[PDB]
Structure formats: C-alpha cells, structure tokens
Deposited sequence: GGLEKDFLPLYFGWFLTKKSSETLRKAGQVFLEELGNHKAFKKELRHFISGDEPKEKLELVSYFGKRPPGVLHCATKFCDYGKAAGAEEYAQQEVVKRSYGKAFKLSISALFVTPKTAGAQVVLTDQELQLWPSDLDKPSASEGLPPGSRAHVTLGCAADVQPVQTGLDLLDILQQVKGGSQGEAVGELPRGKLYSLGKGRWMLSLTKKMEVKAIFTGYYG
C-alpha cells in the first residue's frame, strides 16, 4: 500500500498574515470599484450603474490564504511523485517562510496577489513559459462565479506578459498604497509602494 501525496503543496499564511492580505485585497476591490478610470472601462469588464467588485468576485477562499507550488492530486498529476520526493521539499515541510507580495491584480475572472519568491523559495517551485520560473506564484483572493482558482495563476502570467512588452503604459491612478495600472481587457494591477511581507508555512493540503 502506497502513501498518497497531498492535493497540492504550498505556503499557507498564518491567521494574522491571511487577515492582513485579505483585508488589503478587500480595500483594493473597493477603491478600484469606486475609481474613475475603472468606471470608464467598465464596458470591457462586463457584458452587461456601479459594480461592486467584492460581490463580483463572490467565490473567495474561506479560511487562510495560500500560495500553491505543485498540484499533485494525491499523486495522479504528472511529476507529483518526483516533486514530493525532492529533499528540499521534504526538508522544508512544516517550516516557516516569508513571502513578498509586490502587487494586487484584477481581471474579469480572478482577483489575487503577485508573489515574488526568493531564490530559496524558488527551489520549492516546480520546474515541470517565456517568463522566469516562479512568475506564476500568487495568492488567490477571489474568483467570478464560473471560474476555477487555477485561472488566477494564468491571469497573472498574462498580465506579466504585458509587462514584458511594456503594454503597462503610464499609471492611471494613485491609490494610498501604490500606483494603479490599466492593462486593458478588464485587467488591472496595483503596484505596491512597499512590498508587503506575509508569514506562511510550507506544507501539504489534502482537502
């Protein structure tokens, strides 16, 4: 009888760190919704007055927030066994880490936070494109009704791809904690003046 792996590995934020990022995320969806530049380009955000984004991203993580590394599906996913067998993964299991979050973003599908992993933390990132490894690292804050949390990372990569070309353009707003950027196609990004640090434990979720 074999030992099945978790649903996925990842950094799970503490109560206080989750509380902080959660409320910060809420404050962002409230300011963005009330903002002038957003109300203008609302046609490219919804096919259908004001839109309250906190309600729009109705599906939100219930307990503590997290930053996933490798989706394993208890060993069914490709490379799950290989990832879990790594010394660095087994060594890091249950240990605390400090994740740096550089920006919060919003798309028609998801709302999340961009994670900038350290070189130490990148060793825990699966190497199973076009952007540097770990660019997909994120914390999902919310999803639209028929969107799956896996979308959040994909949305982030799409936004970072627009940053490669430099389609970010000039900041279309100054929020209390950073500069607002309009990427188009209902995509928005808040570059934080100060990268907020969150405390999290690297472990495995079984669900």
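Several segments of the deposited sequence are absent from the coordinates, namely 1-3, 52-55, 136-142.
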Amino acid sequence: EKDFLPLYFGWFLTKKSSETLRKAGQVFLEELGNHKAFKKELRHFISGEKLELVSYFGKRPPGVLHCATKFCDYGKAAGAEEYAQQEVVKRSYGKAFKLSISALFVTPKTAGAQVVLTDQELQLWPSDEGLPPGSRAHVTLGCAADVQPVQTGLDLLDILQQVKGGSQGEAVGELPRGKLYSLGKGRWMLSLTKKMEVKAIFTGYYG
From here on, numbers count along this sequence of modelled residues.
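Checked against the record, the higher mean CA B factor of 130-138 and 97-105 lies with 130-138.
The mean Cα B-factor in the deposited entry runs higher for 186-194 than for the other of 186-194 and 12-20.
Per the PDB record, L175 has a higher Cα B-factor than any other of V54, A145, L175, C67. Per the PDB record, residue ranking by Cα B-factor puts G153 in the lowest third of the chain.
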